[PDB]
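Please read through the structure below; I'll follow up with questions.
The first chain written gets the first letter, and so on, giving A, B, C, D and E; residue counts start at 1 in each chain.
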Amino acid sequence: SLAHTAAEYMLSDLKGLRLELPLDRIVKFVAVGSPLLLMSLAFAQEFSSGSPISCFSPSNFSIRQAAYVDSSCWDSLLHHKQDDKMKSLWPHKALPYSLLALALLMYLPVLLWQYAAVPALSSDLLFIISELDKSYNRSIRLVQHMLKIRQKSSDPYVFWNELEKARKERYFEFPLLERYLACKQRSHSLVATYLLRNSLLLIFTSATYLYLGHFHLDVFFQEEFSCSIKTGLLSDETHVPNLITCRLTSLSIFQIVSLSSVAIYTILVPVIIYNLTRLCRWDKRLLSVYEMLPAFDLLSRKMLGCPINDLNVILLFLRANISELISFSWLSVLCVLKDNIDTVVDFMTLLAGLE
Amino acid sequence: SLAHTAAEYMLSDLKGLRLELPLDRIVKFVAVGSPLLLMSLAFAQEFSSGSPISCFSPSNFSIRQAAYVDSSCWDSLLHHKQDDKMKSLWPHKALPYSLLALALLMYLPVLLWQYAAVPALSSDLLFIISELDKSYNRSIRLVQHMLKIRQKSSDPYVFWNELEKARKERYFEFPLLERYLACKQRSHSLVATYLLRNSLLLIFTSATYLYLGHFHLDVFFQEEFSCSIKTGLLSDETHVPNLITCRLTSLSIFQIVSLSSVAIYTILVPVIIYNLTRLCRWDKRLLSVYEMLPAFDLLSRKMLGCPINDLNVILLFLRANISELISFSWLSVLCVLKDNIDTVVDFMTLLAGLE
Amino acid sequence: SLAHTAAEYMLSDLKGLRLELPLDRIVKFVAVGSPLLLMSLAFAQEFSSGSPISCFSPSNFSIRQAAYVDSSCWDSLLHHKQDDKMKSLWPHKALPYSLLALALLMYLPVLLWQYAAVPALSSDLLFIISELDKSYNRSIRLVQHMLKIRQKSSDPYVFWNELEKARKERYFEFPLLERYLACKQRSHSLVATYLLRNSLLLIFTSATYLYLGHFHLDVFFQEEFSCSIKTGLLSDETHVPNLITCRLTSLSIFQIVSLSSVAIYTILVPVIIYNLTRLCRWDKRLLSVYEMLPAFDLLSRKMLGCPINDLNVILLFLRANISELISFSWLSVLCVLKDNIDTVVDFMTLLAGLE
Amino acid sequence: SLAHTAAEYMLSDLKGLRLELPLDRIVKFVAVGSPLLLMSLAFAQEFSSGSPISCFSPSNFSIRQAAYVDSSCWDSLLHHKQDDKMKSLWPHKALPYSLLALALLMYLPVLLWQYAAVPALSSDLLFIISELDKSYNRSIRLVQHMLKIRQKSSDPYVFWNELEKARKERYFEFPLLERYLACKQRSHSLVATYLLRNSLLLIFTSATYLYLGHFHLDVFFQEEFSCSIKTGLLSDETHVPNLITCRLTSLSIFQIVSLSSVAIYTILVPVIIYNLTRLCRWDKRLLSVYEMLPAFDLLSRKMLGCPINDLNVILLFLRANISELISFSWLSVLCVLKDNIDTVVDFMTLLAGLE
Amino acid sequence: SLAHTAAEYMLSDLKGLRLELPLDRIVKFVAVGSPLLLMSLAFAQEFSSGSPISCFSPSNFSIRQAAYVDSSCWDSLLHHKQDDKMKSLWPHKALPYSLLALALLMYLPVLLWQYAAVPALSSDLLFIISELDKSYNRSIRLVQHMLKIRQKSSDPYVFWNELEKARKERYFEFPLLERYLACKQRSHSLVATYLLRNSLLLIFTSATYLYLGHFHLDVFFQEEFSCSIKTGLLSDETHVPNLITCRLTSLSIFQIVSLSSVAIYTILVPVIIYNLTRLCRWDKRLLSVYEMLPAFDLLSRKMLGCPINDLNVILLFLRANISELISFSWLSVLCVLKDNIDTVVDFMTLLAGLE
């Protein structure tokens, strides 16, 4: 079948970065493979093939004449409906092609995301991850002489005033990363790609609904139609002027395909809606631990104004990559600290699991 | 089908160099795979196969006689048109082969680009990238003692006169690269390959238009034609001398293929036009940051006269490779400096992110 | 189809050596894949299959009798030509097999080149490349004390007499490589393989021409022939003694295959002629730079007498491998020196790009 | 087809060792793939398929009756020959299976060579190669102080008497390798595998000849035969008691297959004969250079008595592996010395190309 | 066909361990792939397909009526045998499925061996190999000062009394390995898996024999049978009440499949019997050289009592892995010592080939 090569040509499966969220991957997979799977199911060995159109020719007709009669009407599907208003049954002939066309349209947004946002996002993620990876040996290699002096001191002069200049010395501060984040916050060149990628899917789903409503849902319970042959050089002949009781064999496949196409997209729409709305708010589910690390406090510091910024998408893509191999470490281990108090445990946990 | 093996034989997918721009890759992919996909669609399981030609034989004829009648006219497609001027319907028989021929012609330019310009361009890119990679530890490993002396000095003697001999000493100058660029600027042996590769595509598109206009567009709404059998040893027989009402079954596929072939190339032409026009001007979108680095100033310095040189193509291919793994660094990070002023920030940023 | 597995069994695609010139690769690819592609095109889904031979049986005959009549003549293609001289139409039945036979013959020379010349040529190339790779740190690591003494000297005693003993001392001379080249120059054991590989292709092309001229070109416009059945146990029967108007369905495929087979080889012959003539002359397109390097002067020194030697083939295969990764260096960069004068530039260029 | 999977299941393609000579590889390839290729050619799309047997049923018979008549004789191929001696045409039905059986028999010896001689031969080759690889720095790292003393000496006391004790000192002698070779010379456990592997191929070729002579060559020009149906429950019926003029459709394929099977093996036999006779003599084509190296003289020393020993096969397999990566060196470069004399050049060459 | 995917799903082809003996691999391969190959051969292109059952309908019947008659008896294979005892011919319909079922049963034991014995055996082999690999530098790195003292001594005090305490000192003894072997000797948890894996194959072969004897061998020479149609709603009709002369087309395939199935297993049974009997005796074919090495003497020491222990299987699997890369050394070279005497040679050889 043709829908087999296209499957791995379209929907087939850096070096440490995930540039596609799992929900987006699932949405793309479903929205691309559903029409291909439906097309494969419709016209394969599962349902017996043969002649999609059959006609009840008179017994006087021969085999060749009957074949000509029933083959000159499949490419001219046009019901001479008396219920002389001639109605067309063309979707039955255009059901496969349209499906393939849909498989094209749902692949248009994906390429856009792979051609207008992947390189810049990859560069930003690489730079930010490289800068953040140096933040480990800066809270345990520098702030380590806090409890080493706390025991020979008291409350105010070792943990509420001493821990003020060590935090403001040229080992805790990252000015280049701060300025990079400040400059990227103003930019809006990447959120437009995300908005377009979701809006194109919404528009294509709406167009699919319109196509399935305007053209289908009319020829759906119609399985019989009457055609004519004497509309040309065969008019001057002695035979039936209007063919009688021609029946469509594959109406069940048509109905099943239409129902599945409706159901799949009516299920898929809310997921895309949620993906679009994910960028409408600032995320602070783990800001409590972020506001204490040397380099991670900058990310939580710059959360002001509207959330529609490049910084929002950068943070969203960085969160899914914060567990690669190196940040897949202590950062993922500060889950036991979930309820002054940070005098010991917050630092014994840090100095216990060094490496 | 034949369309399957040829696909991966033709349009199938150093070690760090990109020698094909994404636009050229897309253009080649579309222009090569469109005829293959069309000819696969035309003669696959999507549309029911069988006899492409059907005839209305008299009821006296047997099955074998009717098969002989309808099979001796498919290889002799010739309409005895009374509207005795005999017209030929040969494109219906030559529709697949022609498509395949097109799939060959569009592959001719690509091989040329892979056999007349790839090695020299690869060598030039390798040498230039290797020379430019040494430019990092020459503006921060050498010019580092400007701000280290600026504080113990004033305006004229540390940043407007001192920064004159350090820029003209045997650590800032690259004479070999300068002479290589000067000699390559005069050469014109590589722009000819680009011009030929685009002009061949233009000529082939024009030839496709001429073929689709002269031969098609005439037999397009014609689906019935009358043939003759008594033109040889069968003349001395008692049967119909001129066959009646022979109909072409696959006219819809013909129309769809012609329309798709027209539309795809009418869409593709402007992209190739833009690819041709890309080399008619000098590019200075990032020259502002280029005119300050030690080795990158030479690229911006030699932009004079006509832009039709080997240096233009070399710069075009180098820009797409300036973000590999090592130039995928600080060079891509001087985006925050976009608005004397360079007294601190232009050097603080340089000495902040060393490695 | 059978011609699909044979394609990748025949024409499918050390570790740093190229033992096949691109022209030879193209010639082999075309000459091997053209018959296979023609065979695939002739007998695949592109042209509708069925019965290659059709006959006009009398209406009294049944379906089984007509099938027997039209099936007992395909394996006995023999025209009882009255224009009683019985003519044979056997090529129509032998068109596929012959093609396959050709696809075997054109593969005979290639195996020879892979079994009689590949190992010795690989060994020679490896040894010569290994010896030549040591020539880099012998003109810049040794002759470097020439400009270092030129400034404190004059014309005759530092660059026309001093550069006479440093060139005749045990750092410039390669005696083993010189003797190896001298002994390989006399040998003629490898040029015979090249000559045989080209002459076999010429002979096979001539044989193809003879086969296509003697047997084809006679049954080319003939599409009808009369056969006989009553030539055995069926003689004692009451039916037609000579069958009437049997027609060959696939004449167009025959004509197309013959025309393509003629055209492809008539295009290919000049390329093989040029490949043969490539070895009839000494190549000195880059001898000007070669005669100055320490170890590369020996290659240009031994160009005397007839050019039909093993040294010619060794040089031809070495030139295509002179740009691998290490000779893909300065050697490829002495293109700027193309117009005493070598006093300055020829040495600063060498000592600038060391590594 | 079934012959497609079996191809790569049977004939499909340590880490530095070649345990199969090229001639043996070619012989196995041809003798295994020829029957498979013939079977694929016989019953594929190249020749039109259908009913291998056709019969001329009377016009009174229906389609079902004719099909039953012509289908009840294909599985009962038995000619009631009047030239009442009933002759059997069973090979026409057993042509494919027999071919497959042959494709099994020719694969029997190969497995034997892979199960009774590969491990021991691999171990012996590994040990011998490892011992011989240490022989390089023993004629140039030890004998190097011969010409260093020759110049301060004369003819007898530095090159004809001094070069007697250095050769008999504990750096030139290899006792373990000598004893291993002496013990392996007596053994005969591996030459039996080679003899059996060749004799099985000879016996199978003889059996193929006997099968093609006794059963074929009789039904070769016979294409018509008369069968009977009334030999059971259908005897009490009113129809033809002896069927008339039943013809075999695929006689040409039978003849072509038989001729190709004869020709391929009549070509292959001399190659196997030469492979068998290769072990009947001692090889001394390069003993002249072998008798001078420190460890390689032992191989040439033990060439006495009959040549049917394990040492012969070990040497044969070692010679093809003497050019791997390390012995692919000076050993292969000692070709310039092909015409006291060895005073200088024989050692200048050795000490020139050290590494 | 279904036989293609199941082949590589079933019989498809750590990192240094061989956990399957070659005989077991061959037995599994044959016993799994024989039914698959037979069922592929039975129903593939090699023998022409069509209707497996044919009937001689009366000439009055039409094509549709004859097809209904001959298609309503294939799923109701039941011979109304008059030689009114009705006999059933159901195996002809169940021949493929049964074969597939066999291809499942023969795969049941293999999975067991891969799920109940592979991990423990792999762990034991890894530990034993790791412990034994340290035994090299303990007989030549420790016992080396025997001959170094033998020359300055006599018979009793250097080689029959001195070599008594060096063999009982903390470089020759391995207590952990000795205790591991002692504890594993008592265990019987792994021999049960081997016994079950062989007994399941024996039982399945016996079941195959019973199935081929009870159901086959009765309908083997029977090719004609009479069926009935008037056994339902068609009873009240005017036609033949008992169908006449219905013949089975594919009896030859049935006979060939039965004969091959019998022959393959009657050949295979002795191999499995030998595999079972391999574990009934202690193996001491190389114990003579084993009783002298430092760590290998323990393996030979613990050979007492019944041989049905885990140690037997461990030794069997270790012997096939004693030639990997490191034990593929000197241990495989003590083959020259095959005929006080060990005074020199047994030590000269050991200290000759160190590494």
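Brief remarks on what is shown
One rule holds for everything that comes next: a residue touches a chain if its C-beta (ideal position, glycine included) is under 8 Å from a C-beta of that chain, and two chains touch if they have at least 3 such contacts.
Chain centres computed from CA atoms place B at the largest separation from chain E. Nearest to the global CA centroid, when each chain is reduced to the mean of its CA atoms, is chain C. Per-chain Cα centroids separate chain D from chain E by 29 Å. Chain B and chain E, compared by their mean Cα positions, are separated by 57 Å. Taking each chain's centre as the mean of its C-alpha atoms, chain A lies 49 Å from chain C. Annotation for chain A: no residues touch two or more other chains. Chain contact topology: the protein chains form an open path, each linked only to its neighbours in the line. Every pair of chains meeting the touch criterion is listed here: A-B, B-C, C-D, D-E.
Residues 4, 7, 22, 40-41, 44-46, 48, 50, 54-57, 59, 61, 63, 66, 224, 226, 244-245, 247, 249-252, 256, 323, 328, 332-333, 335-336, 338, 348-349, 352-353 of chain D touch chain C in their complex.
On the chain C side of its complex with chain D, the touching residues are 1-2, 5, 43, 49, 51-52, 60-65, 67-68, 71-72, 74-75, 93, 96-97, 115, 119, 123, 126-127, 131, 175-176, 179-180, 183, 232-234.
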